[PDB]
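> Protein chains in written order, with the authors' numbering: chain I, 70 to 134; chain J, 5 to 39, 51 to 375; chain E, 132 to 196; chain G, 2188 to 2236; chain H, 432 to 484; chain L, 8 to 46, 65 to 429.
Yeah, the Cβ is synthetic: ideal placement off N, Cα and C, and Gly gets one too.
Have a look at this one before I ask anything.
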Amino acid sequence: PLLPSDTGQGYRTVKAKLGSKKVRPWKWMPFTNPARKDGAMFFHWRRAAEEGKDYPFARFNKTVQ
Amino acid sequence: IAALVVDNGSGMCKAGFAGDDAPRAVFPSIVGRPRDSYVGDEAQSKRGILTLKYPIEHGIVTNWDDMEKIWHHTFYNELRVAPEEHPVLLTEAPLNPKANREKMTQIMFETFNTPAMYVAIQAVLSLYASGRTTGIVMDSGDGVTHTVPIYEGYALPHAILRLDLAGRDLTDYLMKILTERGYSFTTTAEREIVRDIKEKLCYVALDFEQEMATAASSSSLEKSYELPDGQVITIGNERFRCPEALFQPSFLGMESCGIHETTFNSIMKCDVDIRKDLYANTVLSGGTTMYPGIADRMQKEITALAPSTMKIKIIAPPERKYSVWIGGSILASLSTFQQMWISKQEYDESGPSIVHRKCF
Amino acid sequence: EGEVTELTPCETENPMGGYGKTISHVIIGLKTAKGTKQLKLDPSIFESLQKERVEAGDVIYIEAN
Amino acid sequence: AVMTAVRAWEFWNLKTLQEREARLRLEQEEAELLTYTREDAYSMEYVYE
Amino acid sequence: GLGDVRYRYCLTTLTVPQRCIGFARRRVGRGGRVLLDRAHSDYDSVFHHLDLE
Amino acid sequence: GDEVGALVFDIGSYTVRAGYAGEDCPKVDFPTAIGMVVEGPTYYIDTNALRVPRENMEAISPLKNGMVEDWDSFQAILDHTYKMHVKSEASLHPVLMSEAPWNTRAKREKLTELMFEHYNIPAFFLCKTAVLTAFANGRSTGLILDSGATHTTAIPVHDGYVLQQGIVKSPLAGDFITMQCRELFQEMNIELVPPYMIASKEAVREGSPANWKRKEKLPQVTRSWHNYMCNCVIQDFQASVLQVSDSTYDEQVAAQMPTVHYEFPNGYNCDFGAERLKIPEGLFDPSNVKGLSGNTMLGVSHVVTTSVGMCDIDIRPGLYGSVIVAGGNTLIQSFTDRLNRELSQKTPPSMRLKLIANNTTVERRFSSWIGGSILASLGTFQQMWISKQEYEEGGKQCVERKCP
């Protein structure tokens, strides 16, 4: 009753396709959550280029009335 | 195509390739630093303008640049290989913070950009080298100490024990006592000479008190060694005064459970159901840990403290100075483990945390 | 059916007299897309499969009965 | 011939033992797999009914 | 009939190592990785009948 | 990286747990207690200081009924944690902790103030332990049973919210089991020869007199410390002997077990019989306890009945969908099987019953820590952080405004 996980390697058969494809970097960048009114500055391992994008996950601000 | 194995000892790096029996290159893991920072023995040769440095402090990393450069020089001179066409296997001490894991994963991927990567604890790889299923591993490493009860090739982080006592502190104490004997030992040369004398004549006493009686009565224990200057050193009780400190932290003013006392604590931390098997599956670690009278004395001490109702079958591979690296070569030389590698594009699509998602 | 994976003898010196360099029977590792396996093959069939161009990496039509 | 015959039977029994151990090893091995290829995750994977 | 909304499982086989996989369902995981979870039910040990006997 | 390097901490009735967020297991643990040698003063924490013999230790548990006792001890233990194990500056790392069902708002404010000001923590959070454990099971409305070392309590939950009314502070715990072991020793008259005072445990057989040697180098200890290390020995013995009759107890039925050959620090080793099953049956009903007519306690089935009845009708089916275990003393054998038998008997079939399948030691104890890490991992929770800036603004009084 286990679960197999995705495998990408399989075998040493992938010499190429990497030298032409740079690994887009990741950085432990700071950030702020809109859902926190005080806008506490926290961090994300964003892929460098994905900097400044609004906090995508704080769109769930639905509440009682 | 090639297979890369990287074993990073507490104070000496010893790398090699899967399938090999012995590491490609070996040397102490120290880093130079100008007031170009050079590597290990490379830095040592240039002590005038390079200052010795230990990136592996306490058995732990200090500054990412230091081991970045140790790998730089490793690849460029010792390996003189292109690892970025080969998998990169690395090892770590237990209980390492995730911070270090992600940091090293990122450093690999970005700085060097090698296709396949994977990490695993030193102790479990050494056990793999030891060819046994369930048991307890003593990590008498080179700079730090640990006790790893491994079960079904699987260990419990809580049950592990830690202690930053190893060949470096033993050598420091031996240097201290030798100086107290009326000698002196200050610089790096003196430290290495003390370690040499230890490796030559020091051993582990059986009955430390009757051993004292014999050393102070039987001069046979007192022996002669040619120092690099040629000086002959009488060495009797001190041949084994330091090793007994392992069971007696009081020797150095420290207070804790002896090595076998620590091991009993650990095995208690496990589940009783298989502690008999664990006793049957002792282990040893460290090239700086093969000193005579050690395995038998430790066997006697466990037999004493460990209840005799269980079978205490020691395991003392006389070839354990590389156990971890040897197990790493074995593992990298396995078919089913090849799939388990981690590709560069996988990092590019998941980031460093993928290591904590998969690298286990 | 399947693809010839391997091939080995069942050596035994039991046969009467002579240097006991004898094969009790052959072991043939065969693989179909379903999976892989091997079967017990009598000594005589090795001569047969010599007759055919049996080589690692090809498939074969082995009439069971 | 008697010694020859008993040697034949001894071989027969050795071979029964060898077959028994072959069956044991086969039934023991029975390896499984716990991975599935990337591409085997996205496209018209399968259908149950 | 038990009425578990999320515990809806189904049979299937795999592409390369095709065989009866048993009651299993795909599910997303960390790092945006899908994972197949194979269940364990009343017929767990007998997952080879075929043809709807 | 929607997870920051946060650290979760879990302290139970028996031991102290903690570890990084999102991990499988808490990194470390050590005894809840600390050995005190009055003269800042000499604190003995972890085994090397506590169990290893010294002079004049007065071991102190800074906990009581899940309450803060020795604030200085808590600060010292946090520092001990940090240095001896983590070696990091949590001021750079968000942290959080569970809470008791009844922790005083005064002490919660005290600890919040202390954390933020001294420990310089960047963020904090609190929530009840049972809520963490219920999360661990992925549950929103259930009944939690914990046989921590101190109490044997039951507390139901709903929608991830505890029912304040359901608290049951039963006494029985590993303390009670230690009392049972002590009365057993009394009735069969074996003293307590602690290991530390034994140089060598010489060969001895069943019934054989305690043969052992003492190490002269043994500065005298206090009755507190010595008794508590003896208690550790007793708990080890219990574990070696843990079991409960699965049905109505009978002396000879329990005796039918082959008397287990358990050895003691001296090297002596006798064989133990029906007593280990006579004892536990009281846990399921204190009234039947021979000799001790315990009635104030509610038997296991009695606890179930009380907890179920005191709820309301509508959700009781929901709670019955879940039943959970936790605590250092939950190591008992025949725990869950006899629990469910007593349920099926006393619990009416009117409402469908369902338990939680988890018995490994890891789950059985640190389900709470697992739930805490689970919550820390979630990406949505970040809006529920507690920034240190807000605390600086509104004192420690922000807790009441933001925490009901």
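1) Are the C-beta of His471/H and some C-beta of chain I separated by less than 7 Å?
2) Which residues of chain I have a Cβ atom closer than 7 Å to the Cβ of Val11/L, listed in chain order?
3) Spell out whether any CB of chain I is found under 7 Å from the CB atom of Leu467/H.
4) Alpha carbon to alpha carbon, how far is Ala228/J from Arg196/J?
5) Can you name the start and end residues of the alpha helix (DSSP H) that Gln137/J belongs to?
6) Going along the chain, which unbroken runs of the alpha helix (DSSP H) with 4 or more residues stay wholly within the stretch 105-175 of chain L?
7) How would you call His275/J, buried or exposed, if buried means at least 16 neighbouring beta carbons within 10 angstroms?
8) Where does the unbroken beta strand (DSSP E) through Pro164/J begin, and where does it stop?
9) May I ask you to list the residues that DSSP assigns as paired with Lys96/I?
10) As a quick exercise: from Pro126/L, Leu168/L, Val35/L and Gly65/L, pick the residue whose alpha carbon is nearest that of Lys379/L.
11) Measure the CB-CB distance between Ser14/J and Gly156/J and report whether it falls below 7 Å.
12) If the criterion is Cβ atoms closer than 7 Å, does the pair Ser195/L and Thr175/L meet it?
13) Under 7 Å, Cβ to Cβ, is there at least one residue of chain L near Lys359/J?
14) Spatial neighbours of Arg341/L within its chain, please: CB distance less than 7 Å, with the 5 preceding and 5 following residues excluded, ordered by chain position.
15) For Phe255/J, which option in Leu349/J, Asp222/J, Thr106/J and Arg95/J has the closest C-alpha, if you only look at C-alpha atoms?
16) Using a Cβ-Cβ distance cut-off of 7 Å, determine whether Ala118/I contacts chain L.
17) Compare the C-alpha of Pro125/I against each of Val266/L, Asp9/L and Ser123/L and name the closest.
18) Interface residues of chain I around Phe124/J at Cβ under 7 Å?
19) Buried or exposed: which applies to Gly397/L, given that a residue is buried once 16 or more other Cβ atoms fall within 10 Å of its Cβ?
20) Once the 5 residues before and after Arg458/H are set aside, which same chain residues still bring their CB inside 6 Å of it?
21) Is the beta carbon of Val269/L closer than 7 Å to that of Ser165/L?
22) Check for me: the beta strand (DSSP E) holding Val23/L runs from which residue to which?
23) Do you know offhand how far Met282/L's Cα is from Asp261/L's?
24) Please report how far the alpha carbon of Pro305/L lies from the alpha carbon of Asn256/L, in whole angstroms.
25) For my contact list, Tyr2235/G and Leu442/H are in at a C-beta cut-off of 8 Å; report their separation, rounded to the angstrom.
26) Could you list which residues in chain H have their beta carbon closer than 7 Å to that of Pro125/I, in chain order?
27) Do the stretch 271-286 of chain J and the stretch 165-175 of chain J touch if we need at least three Cβ pairs shorter than 8 Å?
28) For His161/J, count the other beta carbons within 10 Å of its own beta carbon; 16 or more makes it buried, fewer makes it exposed. Which is it?
29) Is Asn12/J helix, strand or coil when you go by DSSP?
30) What residues in its chain sit with their C-beta under 8 Å from that of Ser348/J, if we drop five residues either side in the sequence?
31) Below 8 Å on the Cβ atoms is my guess for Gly150/J versus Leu293/J; work out the distance and round it to an integer in Å.
32) For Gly319/L, which three-state DSSP category applies?
33) Could you tell me whether the Cβ atoms of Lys162/E and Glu134/E are closer together than 7 Å?
34) Measuring CA to CA, which of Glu276/L, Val424/L and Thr386/L is closest to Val350/L?
35) Determine the direct distance from the alpha carbon of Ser225/L to that of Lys242/L, and round the result to whole angstroms.
36) Return the first residue and the last residue of the beta strand (DSSP E) that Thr167/E is part of.
Looking at the atomic coordinates:
1) yes
2) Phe111 and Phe112
3) yes
4) Going by the C-alpha atoms only, they are around 17 Å apart.
5) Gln137 to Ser145
6) 130-139 and 154-161
7) With 16 or more Cβ atoms within 10 Å of its Cβ, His275/J is classed as buried.
8) According to the DSSP assignment, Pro164/J belongs to the beta strand (DSSP E) that extends over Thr160 to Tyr166.
9) Beta-bridge pairing links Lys96/I to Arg115/I.
10) Of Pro126/L, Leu168/L, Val35/L and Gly65/L, the residue nearest in Cα terms is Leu168/L.
11) yes
12) no
13) no
14) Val333 and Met376
15) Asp222/J
16) no
17) Selected option, being the one with the closest Cα: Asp9/L.
18) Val92
19) buried
20) Within the same chain, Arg458/H has close Cβ partners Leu466 and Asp468.
21) no
22) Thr22 to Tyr27
23) So the two alpha carbons sit approximately 20 Å from each other.
24) So the alpha carbons of these two residues sit roughly 18 Å apart.
25) 6 Å
26) By Cβ distance, chain H contributes nothing, its closest Cβ being about 14 Å from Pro125/I, past 7 Å.
27) yes
28) With a 10 Å radius around the Cβ and a threshold of 16 neighbouring Cβ atoms, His161/J comes out buried.
29) strand
30) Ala7, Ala22 and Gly23
31) Cβ-Cβ separation between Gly150/J and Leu293/J: approximately 6 Å, consistent with a contact (criterion under 8 Å).
32) coil
33) yes
34) Nearest of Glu276/L, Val424/L and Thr386/L to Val350/L, Cα basis: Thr386/L.
35) 13 Å
36) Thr167 to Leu172
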